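Below, in structure tokens: the form deposited in one PDB entry, a single chain.
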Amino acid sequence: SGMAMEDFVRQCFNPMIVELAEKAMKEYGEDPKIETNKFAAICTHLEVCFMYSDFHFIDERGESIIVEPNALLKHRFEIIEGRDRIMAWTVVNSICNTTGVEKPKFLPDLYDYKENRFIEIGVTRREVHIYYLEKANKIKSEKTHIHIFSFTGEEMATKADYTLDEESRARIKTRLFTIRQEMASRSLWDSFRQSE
């Protein structure tokens, strides 16, 4: 049964994440009570996208600052993940009008208004490098920047450009590490790793 992992997921992630995850799975006919490892991989991916975006703003004078919220500040990242297909492409289409950036052929996860590129995010239970290569092959738009995180504290990003400050990236790598430890303590980790 997947009861054990389903309960872990529901206490590990905040309720906004769990709802988004259940919405996405219902939409394409997947049931979180049954595909419990998938349930977890979706929440994790969601939690990473939101963290990546946390605290990053461009201000009135137009430069990217860190804030841990003041009305003339614009969010540094647009978030594309978490939306249904129509809305996602609506946001991407609006973004290509705003900036004039080439429209990508697949939906990526974020848009970065400072570097002016889309970001495809990846979270893997395998090794960071091979995952990166498999993603770069599959996208094959030199357009879209790729940033990969692992549960062992590692990352790999296009051109060795890690986009964010080290402190922000450490915050994400520490979160994934803690999730894996928590899973491993309950002997849920090997099943979640193996299902990838």
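Each residue number is its position in the shown sequence, starting from 1. Take the two forms, find the largest set of C-alpha atoms that superpose within 1.5 Å, and that set is the rigid core.
*Asks:* Using RMS Cα distance over all structures and residues, flag whichever of 74-82 and 110-118 lies farther from this form in 6 other deposited structures of this protein after a core fit.
*Replies:* Between the two stretches, 74-82 moves farther in 6 other deposited structures of this protein.
*Asks:* Fitting on the core, do the C-alphas of 175-183 or of 20-28 deviate more in 6 other deposited structures of this protein?
*Replies:* Comparing 175-183 with 20-28, the larger C-alpha deviation in 6 other deposited structures of this protein belongs to 20-28.
*Asks:* What number of residues from the deposited sequence go unmodelled in the gap from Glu60 to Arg61, classed as none, 1 to 3, 4 to 9, or 10 or more?
*Replies:* Gap between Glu60 and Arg61: none, chain continuous.
*Asks:* Quick check: 43-51 versus 137-145, which has the larger average CA B-factor in the record?
*Replies:* Averaged over C-alpha atoms, the B-factors run higher in 137-145.
*Asks:* I need to verify one thing: averaged over C-alpha atoms only, is the B-factor higher for 121-129 or for 69-77?
*Replies:* In the deposited entry, the stretch with the higher C-alpha B-factor mean is 69-77.
*Asks:* Lowest, middle or highest third: where is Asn37 by Cα B-factor in its chain?
*Replies:* Lowest third.
*Asks:* Which third, lowest, middle or highest, does the C-alpha temperature factor of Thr158 belong to within its own chain?
*Replies:* Answer is lowest: the recorded C-alpha B-factor places it there.
*Asks:* Rank-wise, by C-alpha B-factor, drop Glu102 into the lowest, middle or highest third of its chain.
*Replies:* Middle third, going by the recorded CA B-factors of the chain.
*Asks:* Would you please rank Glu115 by its C-alpha temperature factor against the other modelled residues of its chain and give the third it falls in: lowest, middle or highest?
*Replies:* Highest third.
Although it is not shown, the form solved in complex with a small molecule is what the next lines describe.
*Asks:* State yes or no: in the bound PDB entry, is some non-hydrogen atom of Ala24 no more than 4.5 angstroms from a non-hydrogen atom of the small molecule?
*Replies:* Yes.
*Asks:* In the bound PDB entry, is there a heavy atom of the small molecule that lies within 4.5 Å of any heavy atom of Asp165, even though the partner is absent here?
*Replies:* Outside the cut-off, so no.
*Asks:* Consider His145 of the chain shown here, and say whether it contacts the small molecule in the bound PDB entry, taking contact as heavy atoms within 4.5 Å.
*Replies:* No - in the bound PDB entry, heavy atoms of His145 and the small molecule never come within 4.5 Å of each other.
*Asks:* How about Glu81 - does it come within 4.5 Å of the small molecule in the bound PDB entry, if we only consider non-hydrogen atoms?
*Replies:* Within the cut-off, so yes.
*Asks:* In the bound PDB entry, do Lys38, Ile42 and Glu120 all put a heavy atom within 4.5 Å of the small molecule?
*Replies:* Judged in the bound PDB entry, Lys38, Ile42 and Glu120 all sit within 4.5 Å of the small molecule.
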